[PDB]
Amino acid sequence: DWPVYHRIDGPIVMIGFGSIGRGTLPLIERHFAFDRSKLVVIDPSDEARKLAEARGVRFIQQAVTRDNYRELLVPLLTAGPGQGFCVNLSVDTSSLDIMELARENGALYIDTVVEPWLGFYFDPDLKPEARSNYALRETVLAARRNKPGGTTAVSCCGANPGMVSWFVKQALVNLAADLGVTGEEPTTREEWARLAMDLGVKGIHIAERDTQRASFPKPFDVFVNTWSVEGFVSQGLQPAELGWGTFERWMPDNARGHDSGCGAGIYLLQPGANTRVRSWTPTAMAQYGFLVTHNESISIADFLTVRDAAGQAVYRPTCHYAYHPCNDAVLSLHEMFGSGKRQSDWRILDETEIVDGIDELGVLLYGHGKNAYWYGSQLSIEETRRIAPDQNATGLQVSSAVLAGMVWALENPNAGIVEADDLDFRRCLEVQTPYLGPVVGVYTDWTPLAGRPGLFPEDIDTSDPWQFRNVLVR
């Protein structure tokens, strides 16, 4: 039967019961030992409440806010007898403030995004840079500098951000092995960064193609997605953002850097979900992705930075999302940006509605001797239904990553604030892999200059096909 990894000796407080919470609950019940009454779900939605009642779990129908979060969460997380676990799978709540609360009270914490309190993503008084994921991530890095060590809190441990950091490590090890490079694999951050440098990895796309589709066609004036519509639209309206490689020799006129922080990012003064990049996955082959901002774009580039003695970066890979969502989501974006406003309604595709498809999600390492290598999951909806309830393929990649991060945090409970890049990738993938379907590594000779230039003048760099100059659709 299914492995039971650990006993949780305290309350399990799940904040949010949308597509991810719904997928994560059965894995928590499956894989951890605890008295049933220890677990409670918090979400303001009526739809969520009804589902939770049907699953027999405690449910508190309340929005967690800046005004109530201490009065609500401190008692729930300290109910006893021992260490609890805050599993934060929400929108509209501050990941930073909830994480700090959990740590102050000795509760473990995990989330899948650095989310702000409601009001931030569309605050008109905020400059674009202040709305960036780089800025949000810097709040977490500052919190870690202020309070090193202490109770483990795992930031951004879903599928992407999350699992894809483990895929980057596995891909680096595979690339070295395929080149005939043997020996002890890296154990420190500096060793990982040097491995990427040494192998000549110029950059990395988080290269995703979701082919799930429903039994009904996309409705007019309805945004359709396979996971959070609210969350996808919010990140899609944030600036396009990327980890910025030392090899890059060009950026657009509307690109900007940061005066402070880890140093690894740029952003563009335009929305990421209306920015296209040329990319590739095994099933899609050459495709457009959307350059939607994501925590891992910054965290992976930061993690893989090599500095000189003076502290200047001498190597860092480019890293960004290149997302091709499901076809109905592609149409939803065309509709939303074309109208200039959010649709009147939205819906997240349920497994009962999906006729076929996969969520092909991996990392595309490029610029090395073998040109490009994609490593990741090809999980299908059919396999998903066989192995986990209450979710589609997109959901299961995320919920299984939360499971893996929870196992890691319980196993390493005194590690302080950590990102997915800081965890034991082998252990996390050992836990996650039963839920990932085919996990494969594929080389390709494709580059962003394939077939170019065409019949119009193009500003390309033929000396270096993987330059962002050639990737960005301009």
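Quick note: we count residues from 1 along the sequence shown, nothing fancier.
As recorded in the PDB entry, 365-373 is the stretch of 365-373 and 320-328 with the greater mean C-alpha temperature factor.
In this crystal structure, the stretch out of 77-85 and 259-267 whose C-alpha atoms carry the higher mean B factor is 77-85. In the PDB entry, the Cα temperature factor peaks, among 358, 285, 309, 291, at 309.
Between the residues 281, 146, 297, 93, it is 146 that shows the highest Cα B-factor in the PDB record. Remark: residue 20 belongs to the lowest third of its chain, ranked by C-alpha B-factor as recorded. Per-chain ranking of the deposited C-alpha B factor places residue 435 in the lowest third. For residue 169, the recorded CA B-factor ranks within the lowest third of the chain. Only modelled residues enter the ranking. Among the modelled residues of its chain, residue 407 has a C-alpha B-factor that falls in the lowest third according to the deposited record. Among all modelled residues in its chain, residue 134 ranks in the middle third by Cα B-factor.
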